[PDB]
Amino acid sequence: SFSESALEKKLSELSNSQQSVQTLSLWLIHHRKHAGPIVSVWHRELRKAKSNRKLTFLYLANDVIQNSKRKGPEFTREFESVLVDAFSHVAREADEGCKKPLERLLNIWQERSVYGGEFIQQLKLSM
């Protein structure tokens, strides 16, 4: 049964596993009566989610919208109200911390003295 608490839990559990997006999309479409609150929760949770989890939220929106069309235009219309905000948020958050693995790599190298501090500084500056 649908509950906003059940949704927060499934969104929190939304992983990188290939089945994750489509499995959740099936449950969301079964509960299309609640399309408005679903999108409201999705939007709130997309903003709260970490930089690396955000892009999977848009994949979820894409799968839900595309597959909901054969059932009703409610998901298409509900998502339409938040998508400009959603895309602009993910696009700037993608930019801010795109080199996060590179920054993390140099931090590991510094802390584990993989190279000397001067060489670390050259690598940092090269970014």
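Numbering starts at 1 and follows the sequence shown.
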Highest mean C-alpha temperature factor of the two stretches 70 to 78 and 51 to 59, which is it? 51 to 59
Residue stretch of maximal mean CA temperature factor, 40 to 48 vs 93 to 101: 93 to 101
Ranked by Cα temperature factor within the chain, is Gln19 in the lowest third, the middle third or the highest third? middle
Sorting the chain's modelled residues by C-alpha B-factor and splitting them into thirds places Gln110 in the middle
